[PDB]
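Here's the structure, in structure tokens; my notes come after.
FYI the Cβ positions are ideal-geometry reconstructions off the backbone, even for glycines, and counts take in every protein chain you see. Only the coordinates and a few stated rules stand behind these numbers; no lab work does.
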Amino acid sequence: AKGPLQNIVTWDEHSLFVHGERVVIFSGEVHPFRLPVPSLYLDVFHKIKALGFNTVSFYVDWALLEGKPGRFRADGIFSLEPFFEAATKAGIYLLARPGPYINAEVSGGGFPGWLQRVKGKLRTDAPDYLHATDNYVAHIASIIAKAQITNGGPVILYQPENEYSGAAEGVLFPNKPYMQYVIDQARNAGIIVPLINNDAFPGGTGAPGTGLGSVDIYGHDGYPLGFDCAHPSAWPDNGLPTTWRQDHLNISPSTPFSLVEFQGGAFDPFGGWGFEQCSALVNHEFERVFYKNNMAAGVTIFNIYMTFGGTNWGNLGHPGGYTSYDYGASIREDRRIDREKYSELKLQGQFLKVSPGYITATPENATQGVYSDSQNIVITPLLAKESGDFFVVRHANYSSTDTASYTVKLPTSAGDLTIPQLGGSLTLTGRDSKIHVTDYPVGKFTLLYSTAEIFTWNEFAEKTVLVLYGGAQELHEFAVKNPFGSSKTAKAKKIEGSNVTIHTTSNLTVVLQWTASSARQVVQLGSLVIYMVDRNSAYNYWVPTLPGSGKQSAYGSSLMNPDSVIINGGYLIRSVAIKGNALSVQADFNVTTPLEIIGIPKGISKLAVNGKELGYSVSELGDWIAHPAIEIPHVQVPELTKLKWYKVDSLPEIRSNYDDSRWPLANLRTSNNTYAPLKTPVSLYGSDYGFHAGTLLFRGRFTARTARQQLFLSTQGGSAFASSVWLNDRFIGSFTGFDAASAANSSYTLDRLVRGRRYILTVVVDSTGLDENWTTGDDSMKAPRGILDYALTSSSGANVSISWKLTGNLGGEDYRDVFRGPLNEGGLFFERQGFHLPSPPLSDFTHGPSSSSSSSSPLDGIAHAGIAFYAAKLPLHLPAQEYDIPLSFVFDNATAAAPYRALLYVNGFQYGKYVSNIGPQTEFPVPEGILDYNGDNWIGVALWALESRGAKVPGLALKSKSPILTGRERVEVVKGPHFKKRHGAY
Ligand SMILES: *[C@@H]1O[C@H](CO)[C@@H](O[C@@H]2O[C@H](CO)[C@@H](O[C@@H]3O[C@H](CO[C@H]4O[C@H](CO)[C@@H](O)[C@H](O)[C@@H]4O)[C@@H](O)[C@H](O[C@H]4O[C@H](CO)[C@@H](O)[C@H](O)[C@@H]4O[C@H]4O[C@H](CO)[C@@H](O)[C@H](O)[C@@H]4O[C@H]4O[C@H](CO)[C@@H](O)[C@H](O[C@H]5O[C@H](CO)[C@@H](O)[C@H](O)[C@H]5O)[C@@H]4O)[C@@H]3O)[C@H](O)[C@H]2NC(C)=O)[C@H](O)[C@H]1NC(C)=O
Ligand SMILES: *[C@@H]1O[C@H](CO)[C@@H](O[C@@H]2O[C@H](CO)[C@@H](O[C@@H]3O[C@H](CO[C@H]4O[C@H](CO)[C@@H](O)[C@H](O[C@H]5O[C@H](CO)[C@@H](O)[C@H](O)[C@@H]5O[C@H]5O[C@H](CO)[C@@H](O)[C@H](O)[C@@H]5O)[C@@H]4O)[C@@H](O)[C@H](O[C@H]4O[C@H](CO)[C@@H](O)[C@H](O)[C@@H]4O)[C@@H]3O)[C@H](O)[C@H]2NC(C)=O)[C@H](O)[C@H]1NC(C)=O
Ligand SMILES: *[C@@H]1O[C@H](CO)[C@@H](O[C@@H]2O[C@H](CO)[C@@H](O)[C@H](O)[C@H]2NC(C)=O)[C@H](O)[C@H]1NC(C)=O
Ligand SMILES: OC[C@H]1O[C@@H](SCCc2ccccc2)[C@H](O)[C@@H](O)[C@H]1O
Ligand SMILES: *[C@@H]1O[C@H](CO)[C@@H](O)[C@H](O)[C@H]1NC(C)=O
Ligand SMILES: *[C@@H]1O[C@H](CO)[C@@H](O)[C@H](O)[C@H]1NC(C)=O
């Protein structure tokens, strides 16, 4: 790396520049493959734009796009085109992270399962691995190249590879020829924007200056609390990073300090704590302490992983996680932005985007007892000659939940001042951190200092507006350099509030003190109007940007200090636009509230909200107060237990009339899997035969030699898998699984056999996905699925041979549903047949009354070990044009219930794997777009009873969240193909 290849996106020690403007990049991670509803991407982009972010970072999952080697397919729900179009329409730039390896808690870390057939070490310059990535990178980097800002699109940065940060013992690292080949694939496909990496820690790998394989901007990650959400209140000693400014200067001082992934939640395994408990660990307190600590080090490219997590639908996740990928993120899986951490993150995004002085201030060492007489707080200064200083304050024990009283002594253009200058003390409550400022520009005005935090400011036609906030009951002070100008008359005016005090010095510096509370204080100083609110009130303010013109209209007048309107009230403000003499607002409301609009453009006299005109009151400061009609209706949804359920047996394999003549033979005598050399005479690894997704089945023929024989069977499905065995129709046993078991050794007696007769063992092995490969040189993604080893011995100790057949999804890599992708289906009979698809062939199913002996309902289940599939039509008629109504399917986990596994299908998409004896997921959201809110839907539930007494689903319900009156763009239903009989199925 030797400089920029283009002049649109450039950089220096302090920041990125976009179109010549210095900017703080504040980005949220979103994975387009985890939300297969193209019309919903604009919804998530409006929610992230409203935080004050300007960028989204995204992965691309190779395993979904090249499920058949040599056939790259990114059409329909797999196209990035609607994702790019929504970023341009929202005014968001993108950091593209296509891998090939992405990790991401996805199956294989993004590697397709056919890489288990590649001998060479993954993520090295073994040429079989390198060349296996070429077709994918050539296609995905050319699609990203067309979307670069240099071509009028949203992409501004590209990440090659992922967290290339160490290697197994004895493996070359860093492997600079490998790194360089991955760069060359991107540059050869037309990527000309800067390249950025994401080292796990500040190891220096790939930094500028390291020669072959170096990127343009050195990036690293941070997950300081880890990923285990067992104790969400516990912040352990030494958890806060305190060395990153000096580590940056030691590794890559020529480029901006960049945290390309920083903790926005945590992943959660089977048997984990649930994502509500992750959201309690990475909560609003974590954001204010840890994210302001990154500002203390001068971060200027900062991406929060995850900002919206989505769902691991269609088996796309790895075994170390389950169906949800809510991640505890600021935006929930079902897209709601009610968590307090969302509103706290918005206060920080809105501050940085009006604060260009922060970019060129220089961060210095943290101090204790230097900028305050108190030693109970630590203060990190960011200092500049004239353009303004910033001071990050935290408790000395960063974990402290105590409240401290303090004052500060800060450098200013008027000299060093102990603040408050008018008396009193500041307060830092538990797990809080503040940024205080000196010589902070507010348009034409200047804050000589402020203890209160800045939410936003802007210069409008008739006034300049500044919004300041504090936690409740905190005293704050700020000072404004002479705001009157030449005026002899001019004096402050108190507009609202009865606690604020005003003091003027002889040189006309105005000093204001106030104590934050629910009651806003407002003071006018000439044409400057200051609004002083508490934190909880500031959570409800929004700063939508005014559009510019042309294709890039949504990016506004500039990235920093954009033309804006300030709006107090609402669950979300998505956008504003000027339409003649009207201001038109798009907004969502989850509760009733008024709206106050601050900074009305000149000549505008009409207001609309969500396309409906409304009147307004005018305040003495020229703000509008409007009262939109907000009706939050009671929503009734259908009771699932009352739908007409149909049932089909999904284990016909164990009946004596089953014909397996169409099954693939498991007759490969060698494997290319170098990670797990064969122990058996033939490969029984699914991926060796093209089966990489979901449940596998094996059928083993043998001729009985003695009446009793002993079977040893070693199966592997990934963490929290299970396996079940039958001898002809006789149930032998199950390995019922647990969170810590990815394989199992099982021994069974096969008794009462007729010597000379042929028997068939049917073995079902679930797979919870392919493992990741996060240590280069340890080929962990190659861990196979299926049968690792076996032995069948007679009662005299002779070895008895078994000949095998197997299946996964019908077709393997020639998978049958091109619309829903290569991973959606496993190998269970009902999946193979396509019986999970909309409008299934009801002649092949049975129906009978619930609670009866012939019930076809999953609530009645089955009375033996086995596998059944249940399907029902679910009509919905909900007011989706006006409301966003999140729906989910909830299983009851009754303490007395036999163990089972279940699969949830909605309109042909697999949207849940439920494991009754492992957990933790019971509630499975499914988005509108996959569900049709004004038409028929098909839902499906597979039931796998693991023990001999059978199983049933104890309760299953459709649940709704409180409806949100919405101004989103309309959600279009995803039109997947319906059932058609499959030729060659079995
Ligand atoms: C319906 O209700 C029922 C009844 O309530 C629920 O059933 C209950 O389910 C729970 C959870 O599954 C289950 O408890 C677990 O039991 C298993 C099995 O143990 C038993 O069997 C084994 C095998 O014979 C014996 O050897 C044992 O003695 C025991 O008899 C056990 O492994 C679990 O242990 C974990 O949790 C304990 C804390 O609760 C710990 O003390 C353990 O050390 C262990 O801890 C792991 O998991 C914790 C939770 O995630 C985690 O905090 C901790 O750090 C550690 O994580 C590591 O290991 C786990 C694997 O165990 C792994 O998942 C993690 O991996 C992730 O993280 C890595 C590092 O970042 C990452 O690399 C990786 O990719 C990630 O995936 C990590 O390596 C636990 O005791 C109960 O037995 C069961 N009760 C009954 C009566 O059946 C049921 O769940 C409910 N169903 C629904 C749908 O909700
Ligand atoms: C409609 O959409 C809106 C959003 O637009 C949703 O509103 C959000 O609802 C969520 C869920 O209820 C709210 O989050 C939860 O908030 C509660 C209440 O606490 C908050 O509000 C009170 C004021 O009512 C504040 O006093 C709280 O702040 C104090 O305490 C927190 C510690 O909780 C501390 O960090 C603060 O600094 C502050 O401390 C000061 O006061 C305390 C008390 O006097 C004092 O001891 C201390 O010294 C300081 O002086 C706080 O802002 C909160 O209890 C919950 O937290 C718990 O759960 C989460 C896990 O879920 C954990 O992360 C956390 O650790 C706690 O265990 C939640 O944070 C959210 O605030 C609210 N947002 C807005 C904008 O209103 C609606 O729900 C939606 N409604 C519908 C129908 O859809
Ligand atoms: C830093 O402050 C934290 C937060 O108060 C302290 O953590 C507490 O430690 C006590 C005593 O061991 C526990 O009983 C509390 O439950 C902890 N509280 C929380 C919320 O985790 C911590 O010990 C202090 N660290 C140092 C070095 O002083
Ligand atoms: O959700 C976890 C994420 O971890 C990071 S590596 C982070 C390595 C690290 C771990 C702990 C502290 C610091 C860095 C990956 O790049 C993501 O794809 C995703 O898997
Ligand atoms: C092993 O890899 C080679 C590609 O080098 C291929 O020709 C062969 O069929 C593979 N064999 C198996 C058993 O996957
Ligand atoms: C199964 O047993 C074999 C042979 O003893 C051993 O190599 C292997 O580690 C065992 N696997 C498990 C999951 O216990």
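Using the Karplus curve 6.51 cos²θ - 1.76 cosθ + 1.60 with θ = phi - 60°, work out ³J(HN,Hα) for each residue of the range 641-657 in order, rounded to whole Hz, and write x for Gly and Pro.
Running phi through 6.51 cos²θ - 1.76 cosθ + 1.60 with θ = phi - 60° gives 4, 8, 5, 8, 8, 10, 10, 9, 5, 9, 10, x, 3, 8, 7, 5, 8 Hz.
Please state the shape class of the range 523-562: rounded when a/c is under 1.5, otherwise prolate if a/b exceeds b/c and oblate if not, all from the C-alpha gyration tensor. Can you show the working numbers first?
Working: a/c = 4.13, a/b = 1.81, b/c = 2.29.
Because a/c hits 1.5 or more and a/b fails to exceed b/c, the range 523-562 counts as oblate.
Taking the alpha-carbon distance from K782 and a cut-off under 29 Å, which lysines remain once sequence neighbours fewer than 8 residues away in the same chain are dropped?
Of all the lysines, those that pass the test against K782 - Cα under 29 Å, at least 8 places apart if same chain - are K68, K119, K121, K176, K679, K805, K913.
Contact order normalised by length for the range 358-541, with contacts defined as Cα pairs under 8 Å and 6 or more residues apart; what percent is it?
15 percent
What is the sum of charges around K494, taking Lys and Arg as +1, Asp and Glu as -1, for the other residues whose C-beta is under 14 Å from the C-beta of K494? Mind dumping the intermediate values first?
Details: positive: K491, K493, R520; negative: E496, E620.
Summing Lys and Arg as +1 and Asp and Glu as -1 gives +1.
List the GluC sites (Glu not before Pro) within the range 106-200 that DSSP assigns to loop and that have no more than 11 neighbouring Cβ atoms inside 10 Å. Could the numbers behind the result be given before it?
Numbers: sites: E161, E163, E169; in loops: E161, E163, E169.
Hits after loop and neighbour filter: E169.
Taking just the C-alpha trace of the range 542-630, give me its Rg and Dmax in Å.
Using the Cα atoms of the range 542-630, the pair Rg, Dmax is 12.7, 38 Å.
Send over the Kirkwood Rh of the range 441-582, from the inverse of the averaged 1/r over different Cα pairs, rounded to one decimal Å. The partial results should precede the final answer.
Values: mean 1/r = 0.0613 Å⁻¹.
16.3 Å is the Kirkwood radius here.
Write down the percent of antiparallel bridges among all DSSP beta bridges whose residues are both part of the range 1-357, to the nearest 5.
Details: 9 of 38 bridges.
Close to 25 percent.
On a C-alpha basis, how far is the centre of the range 413-465 from the centre of the range 595-658 in Å? Whole number, if you could?
38 Å
Before rounding to the nearest 500, sum -39500 (n - 2.57) across all DSSP H runs of length at least 4 in the chain and divide by the residue total; then give [θ] at 222 nm in deg cm²/dmol.
Mean residue ellipticity at 222 nm (helix-derived): -2500 deg cm²/dmol.
Which whole-Hz ³J(HN,Hα) couplings does the range 435-452 yield from phi under the Karplus relation 6.51 cos²θ - 1.76 cosθ + 1.60, θ = phi - 60°, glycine and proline marked x?
10, 9, 10, 10, 6, 8, x, 10, x, 6, 8, 9, 7, 4, 7, 8, 7, 5
Can you tell me the equivalent ellipsoid semi-axes for the range 651-828? Use √(5λ) from the Cα gyration tensor, largest first, whole Å.
Result for the range 651-828: semi-axes of 27, 19, 15 Å.
Given the range 358-541, what percent of its DSSP beta bridges are antiparallel, to the nearest 5?
90 percent
So if each residue of separation counts as 0.36 nm, and I subtract the Cα-Cα distance between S796 and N151, what length gain in nm does that give?
Result: 224.7 nm gained on full extension.
State which entries of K341/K602; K47/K481; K353/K385; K341/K551; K49/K494 exceed 31 angstrom in Cα-Cα distance in the structure shown.
Beyond 31 Å between Cα atoms: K341/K602; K47/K481; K341/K551; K49/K494.
Two-decimal Rg/Rh of the range 358-541 from alpha-carbon positions, Kirkwood Rh?
Radius of gyration relative to Kirkwood radius: 0.95.
Against the 2.2 N^0.38 Å scaling, with N counting residues, where does the chain land? I'd like the Cα-based Rg ratio to two decimal places.
That ratio works out to 1.02.
Specify the inter-centroid distance of the range 100-165 and the range 882-917, based on alpha-carbon positions, in whole Å.
Rounded to whole Å, the Cα centres lie 33 Å apart.
What fraction, in whole percent, of alpha-carbon pairs in the range 116-182 exceed 16 Å separation?
57 percent
With the crude spin-label approximation of a point 7 Å out along Cα→Cβ, what separation in nm comes out for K606 versus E386?
The modelled label-to-label distance comes out at 4.8 nm.
List the DSSP H helices in the chain whose Cα atoms stretch 15 Å or more along the helix axis and whose mean Kyte-Doolittle hydropathy is at least -0.5. Before the final figure, lay out the partial values.
Values: long enough: 134-146 (18 Å, 0.53); 176-188 (17 Å, -1.09); 340-352 (19 Å, -0.78).
TM-like helix candidates: 134-146.
Run through all the Cα pairs of the range 499-569 and give the fraction in each 5 Å bin from 0, expressed as whole percent.
3, 13, 17, 16, 16, 13, 11, 7, 3, 1, 0
Normalising by the residue count of the range 542-630, find the relative contact order in percent from Cα pairs under 8 Å and 6+ residues apart.
23 percent
Given the pairs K2/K146; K647/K959; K642/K959, which are separated by over 18 angstrom at their Cα positions? All intermediate terms of the calculation are to be shown ahead of the outcome.
Working: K2/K146 23 Å; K647/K959 23 Å; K642/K959 15 Å.
From the list (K2/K146; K647/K959; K642/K959), the Cα-Cα distance tops 18 Å for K2/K146; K647/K959.
Under the classification rounded if a/c is under 1.5, otherwise prolate if a/b is larger than b/c and oblate if not, where does the range 1-357 fall, given a ≥ b ≥ c as square roots of the Cα gyration tensor eigenvalues?
Details: a/c = 1.25, a/b = 1.13, b/c = 1.11.
Rounded shape, in that the Cα axes give a/c under 1.5.
Debye sum, Cα scatterers, the range 161-290, no solvent: what log₁₀ I/I(0) at q = 0.09, 0.10, 0.17 1/Å?
Those come out to -0.34, -0.42, -0.97, one per q.
Taking K and R as +1 and D and E as -1, what net charge do the other residues with C-beta under 12 Å from the C-beta of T255 add up to?
Values: positive: none; negative: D12, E13, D216.
Neighbour charge sum, excluding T255 itself: -3.
Please give the Cα centre distance for the range 199-231 versus the range 504-535, rounded to the nearest Å.
If you average the Cα positions of each part, the centres end up 43 Å apart.
Find the eigenvalues of the gyration tensor of the Cα atoms of the range 60-213, then list the square roots of 5 times those eigenvalues as equivalent ellipsoid semi-axes, largest first, in whole angstrom.
Three semi-axes, in Å: 25, 20, 13.
Find how much the distance from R982 to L508 grows on full extension, using 0.36 nm per residue of separation minus their present alpha carbon separation; answer in nm with one decimal.
162.2 nm
When a/c is below 1.5 the answer is rounded, else prolate if a/b is larger than b/c, else oblate, so apply that to the range 1-120 with a ≥ b ≥ c taken from the square roots of the Cα gyration tensor eigenvalues. Present the calculation step by step, with values, prior to reporting the outcome.
Details: a/c = 2.37, a/b = 1.46, b/c = 1.63.
Judged from the Cα gyration tensor, the range 1-120 comes out oblate (a/c at least 1.5, b/c at or above a/b).
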